[PDB]
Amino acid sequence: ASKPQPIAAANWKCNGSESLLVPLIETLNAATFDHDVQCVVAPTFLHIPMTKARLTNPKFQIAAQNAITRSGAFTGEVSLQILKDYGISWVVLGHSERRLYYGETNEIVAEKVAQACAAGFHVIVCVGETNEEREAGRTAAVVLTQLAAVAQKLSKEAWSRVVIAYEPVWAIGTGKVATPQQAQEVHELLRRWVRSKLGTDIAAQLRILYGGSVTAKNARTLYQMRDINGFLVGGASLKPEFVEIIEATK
């Protein structure tokens, strides 16, 4: 069915400093987007306060790049509740860096999404297969297992609050730029699974963002793929050209 509202998400990973982010916030604030788009910026936890105080572009929400499910005895971590008290209502969960370096299993990701959902958060749930998994011809088994692991914790009505980001981790970890066709190939199969398990309604309204290598140069040809509803952008989202990335979802 016809495309739902696009999302342009920035993952500011753990870069930025007041020095870098201020001029970058100013640029996004000066930009006007005439179309229906939800922009999302995910600053590091430390930078979320200056981002919230400074960010004014009306299409934008501020996200967290991660979170744990409960407050209490967890040194170094930030909970969903603490984020929500602060007025943060978006969070990225399941990012490939978290799955791979930080021991976030399908179950761990799934449990965080279930809780963020019940805490009233919109969630960008990340999914993606490694080079080793792709080459074993296990792309579909892996992304659909990550996806079904999350769906098992949720009900029909959760999905108005869920967004999926496809991370082509096979391309990221091999220094490749996936093609619009490679991206679309996996977005299509994620959507086909959603359609069959949750409904055509759920499937039509679901945003599936592409979390590969996104530049002002490729943004528009990625967005013209049938099942791409936007982006989770890495490096380019810390640059003025993020404005042109947003524009490409028009």
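Under this definition, the rigid core comprises the largest set of C-alpha atoms superposing within 1.5 Å between the forms. One rule holds for the numbers: they count along the sequence shown, beginning at 1.
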### Query
C-alpha RMS from this form in 4 other deposited structures of this protein, rigid core superposed: larger for 174-182 or 103-111?
174-182
#### Entry: More shifted region, core-based fit in 4 other deposited structures of this protein, 152-160 vs 165-173 by CA
165-173
### Query
According to the deposited model, is the average Cα temperature factor higher in 164-172 or in 93-101?
93-101
### Task
Could you check the entry and say whether 46-54 or 62-70 has the higher mean CA B-factor?
62-70
#### Entry: Peak C-alpha temperature factor (PDB record), options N29, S196, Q184, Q38
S196
## Note on the structure
From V78, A136, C126, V143, the top C-alpha temperature factor is at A136
### Summary
Temperature factor at the Cα of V233, chain-ranked in thirds, falls in the lowest
### Query
By its CA B factor, does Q5 count among the lowest, middle or highest third of the modelled residues in the chain?
lowest
#### Entry: CA B-factor ranking of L206, expressed as a third of its chain
lowest
